[PDB]
Each structure stands twice: as C-alpha cells, then as structure tokens.
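Only one chain is included here, represented as structure tokens and corresponding to the form solved without the named molecule.
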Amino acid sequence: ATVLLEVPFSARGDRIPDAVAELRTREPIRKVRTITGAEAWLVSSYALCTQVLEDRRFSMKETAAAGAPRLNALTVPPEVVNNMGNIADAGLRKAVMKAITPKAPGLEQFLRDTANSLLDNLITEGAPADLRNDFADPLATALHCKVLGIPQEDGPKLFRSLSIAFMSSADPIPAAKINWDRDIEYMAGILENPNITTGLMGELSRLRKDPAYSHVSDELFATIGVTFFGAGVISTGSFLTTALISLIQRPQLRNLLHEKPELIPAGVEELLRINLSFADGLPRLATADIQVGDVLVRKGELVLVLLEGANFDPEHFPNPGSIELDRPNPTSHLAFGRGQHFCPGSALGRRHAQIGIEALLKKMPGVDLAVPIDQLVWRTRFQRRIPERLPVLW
C-alpha cells in the first residue's frame, strides 16, 4: 500500500520532474494530498489549466473560507486573499495598474543604472559572485522601492519579511503576523509622510484624500503597498534568478543573446514559459459542481493549477523543454496566470528580467556557474523555487 500522491513534487527549479509529463498524459486532472493533509485536484494539461483559470466559479477568493481544504496556511488576513477584488471594488484598479507599468519616465534607465552598478560591484569584488543575493534580489528590491515611491534605504528590511511571508506552510506562521503588522504600520506611515509624492504610494496618498475615495479604508491603502511590494519583489527576484540558471546552462543561447540583444525579449518570453519559479499549483475553490476532463469537481473542493503542467504541454508547445525563439504562440504561456487574476505586474516583470539579462550579458559575457549545478540549495516549503545562493564566475 502507498499513500495518495503528495504535492509539491520537488523544490528543484532547474529541472522538471518526469512525473509531470506522466500525469499529464495519463491523468491530467487527478487527486493529490497537500502539505496540510487536504485532498485537491491537480490539473496539469494546458487545456484543463486554462479552463479552470478562465472559469471564476473556480474561485480565488473562496480559498480563504474557514473550513476549506487548504493548499497551505494563510500568511495574510483572510480578507487579503481577495486583494485585487478589494482594489477593484474601491475603484483603484486603473490607478494601481498604471502606477506599476515599466513606462514611467526614467524607470527603465533607473533599472539599467541599478543593474550596471550591482554588476560593477561584483566585478570589483571578484569571483565568485552570488547572483541571487547580490544581483537579482537587490535589483528587484530597488525596482520596487522606485515603483512604490519609497526610500531605497527602506527596501532591505521590507525584503527580509519575504523569506517568511511567502512560505508555503502546513500551519500558521507566527513570524508572518509580526512582520505583516509591522509592514502595514510602515506603509500607513508612508501614506501620512508628506515626502512621499511619487510612485504607487504617492498616488494612493493623493487618492486617499480625494473626496471620491473618502470611504475607502486606510487598511486597504496600506495593504496595497505591502502586498504589491511583496508579490513584485518575490516574483521578479525569483524569476530572474531561475531564468539566469536556465540561461547559464545554455551557453549557445547565452552567446546568441549576447551577440544579438534585440532577441532578449523573445528569449525572456521563453524563459518565462519554461520557468519553474512557482512552487505550488495556483489554488482555486470550486463554488459549483463543474466537469473538468474526466472528473466532476464538487462544490467546496480545492483545485491546483500546475503552471509547468500547462507550460511544458507538448500539445500546446511542441518540444516543450527547448527554448525556441520563433514559436508561433510565444506569449500564450501561463507564467503570469490567465483570466480574472492575470498578473497586474506582467509588463514590469518582463522589463525587470530583460534589463537584468541585457546588463549581465554585457558586463559578464563569460558568466558561468562556479559550482556544479547539483550543489545549488533549493529552498523548501516556500511559494517559489529558488536557490539559496547562485555562485557564478565570469
């Protein structure tokens, strides 16, 4: 006798398990057990992943309901699961979206300058360099302080909440509440700080005093700051880090993008497609009985949308493990989700990665791992897959 198949399969972000293609071929929706002990439906084909993400009766909001089967424990207040819904209901969606595009004057130049400075510092210090802790994550942190309009010197502490805030835990995490409450207090202070007049927090500060938004809660305004910082920093830092591994392990591609940087956007789109940064499927709770492939999912059941299931599906992306810069459907991957909850930071995330990669290839054309790839230490029980350190030489 064996127990029900457990998720997640592996915390390694440098290879997809053979099990994924096996499940997708044999049982593209199948029952699994999560770290809390709950049962869930794991969905692993492109067709079924898109079906679930495009049907709001598979609800994000309802995953926070008391007594629901859970992927992992909440690390935010339950009302904050419906963050985007709350933002939209407050009439703030257009403003929040507009503030987090990469198109503000000087933003991309700021990204380039920051990437180049970080790289120059690594070159001065000499190999080996840690491209996660001393490149990708600081670049993400600096970007998000700029986007939010908050002081650069406040970035590192906000960042250090993240190794706990984005845990994927069976049980509630006391440190997550301590850091959440402190970070909310910080953002509430930012809204009251007369110096904060630019970026997302400058805009929210002004809308807060606009009579058209007088009944929006201060709680929501502060929450937008904490959640957008956290989601953007963890997602961009983690994606860039694992994309750098994918690139470093493909010297031919590394060389091609070095030689022809105009191909970097297409390269980043493929790096997004093959990215294993999300450690768990995207959770949804069924609010009705809904047929998904061979399974009638029942009201109240948990469904997990496995992004790499979709993104490595050979029926949608032939030769899925290969980076091909001339695919006919290149942005049709699910790296940013799909439907109601499609990532609002997608353009910014693309630009962060494109600029980071462009700068690294110019400064370190000979970049290579400084340790055998198996020596990377993969963070466990976390909402992202990331190596604790990424040692390189050049």
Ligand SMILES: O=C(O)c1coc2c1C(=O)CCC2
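Note that residue numbering begins at 1 and tracks the sequence as displayed.
Keep in mind that the form deposited with the named molecule bound is missing from the display, and what follows is about it.
- Judged by the 2.4 Å clash test against backbone and C-beta atoms, the pocket of this chain is open once the named molecule is superposed from its pose in the deposited complex, as not a single ligand atom violates the cut-off.
- When the named molecule is considered in the deposited complex, residue 165 lines it closely, a heavy atom lying within 4.5 Å.
- The closest heavy atom approach of residue 76 to the named molecule in the deposited complex falls within 4.5 Å.
- Residue contact check for residue 227: one or more of its heavy atoms lie within 4.5 Å of the named molecule in the deposited complex.
- None of the heavy atoms of residue 323 is located within 4.5 Å of the named molecule in the deposited complex.
- Of the candidates 274, 216, 92, 80, 80 is the one whose heavy atoms come within 4.5 Å of the named molecule in the deposited complex; the others do not.
- Heavy atoms within 4.5 Å of the named molecule in the deposited complex map, among the stretches 130-138, 107-115, 68-76, 253-261, onto 68-76 alone.
- Of the residues in 373-394, only 383 comes within 4.5 Å of the named molecule in the deposited complex through at least one heavy atom.
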